[PDB]
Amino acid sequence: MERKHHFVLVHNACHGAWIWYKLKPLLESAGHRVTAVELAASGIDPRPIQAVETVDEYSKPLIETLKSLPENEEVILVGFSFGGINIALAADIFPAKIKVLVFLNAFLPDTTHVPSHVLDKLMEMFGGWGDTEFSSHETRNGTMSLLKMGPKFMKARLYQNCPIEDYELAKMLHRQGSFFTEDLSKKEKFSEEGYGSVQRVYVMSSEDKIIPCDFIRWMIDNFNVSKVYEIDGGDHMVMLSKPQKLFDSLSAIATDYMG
């Protein structure tokens, strides 16, 4: 049989490691290892997002996961939505630990503009926040912008193709979060020698109603990838609406980086 891989899965803002509950057993049934990280102030972490003030603090559990890998192990690192930013931060630290970066319906930052660039572009473009609640919290180093999705927003823009149970589950577990836009604006550019040296691919859902198909080409035009995979019928929450097709895409990717 084929050599199997270790997939490290990184969830999106306002969510947690739970989002991967359908995909993880699919990958593990095929022989692969899976670590679903839980970011700071996310999921069941009993720390509020207000206490996490920086994207580096947010991302620490991911950093710790990579640091703990044995010597010479490499992983397929999958970042979902805001998780794109977390995986890029990690790739700037431990590029040699990452076989390939999988940007799943994700923000794909570049190594030219300030790290908030793609997030600022999406906020300018996006008009469907609906009943999302936006708020601020003042820290000793400035304003931190926060968000809590509304349930109408969730249903229309993230989960519209998911089973109703998955939506009910998300209603019971989503949390106030942040895209750390101010912090990321002040941070040093991602580097060519770290993040830009790592192999990367894009996996997009054909019915993503938060990260539109054109915005994805714009990002990939600003910063190219080796390959784009498309999941037919996926909503944004594609590991919930089309977990078997996502498994297919990640199995194709693993075959492409035969490790």
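Position 1 is the first residue in the sequence shown; the rest follow in order.
Note on 172-180 vs 126-134: mean CA B-factor is higher in 126-134. In this crystal structure, the stretch out of 215-223 and 41-49 whose C-alpha atoms carry the higher mean B factor is 215-223. Set against one another, the Cα B-factors of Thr139, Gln160, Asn86, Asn105 in the record reach their highest point at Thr139.
Between the residues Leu27, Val201, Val55, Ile210, the entry's highest C-alpha temperature factor is the one at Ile210. The entry lists a Cα temperature factor for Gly234 that places it in the middle third of the chain's modelled residues. Per the PDB record, residue ranking by Cα B-factor puts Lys186 in the highest third of the chain.
The PDB entry assigns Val228 a C-alpha temperature factor belonging to the highest third of its chain's modelled residues.
In the deposited entry, the Cα temperature factor of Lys148 sits in the bottom third of values across the chain's modelled residues.
In the deposited entry, the Cα temperature factor of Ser197 sits in the top third of values across the chain's modelled residues.
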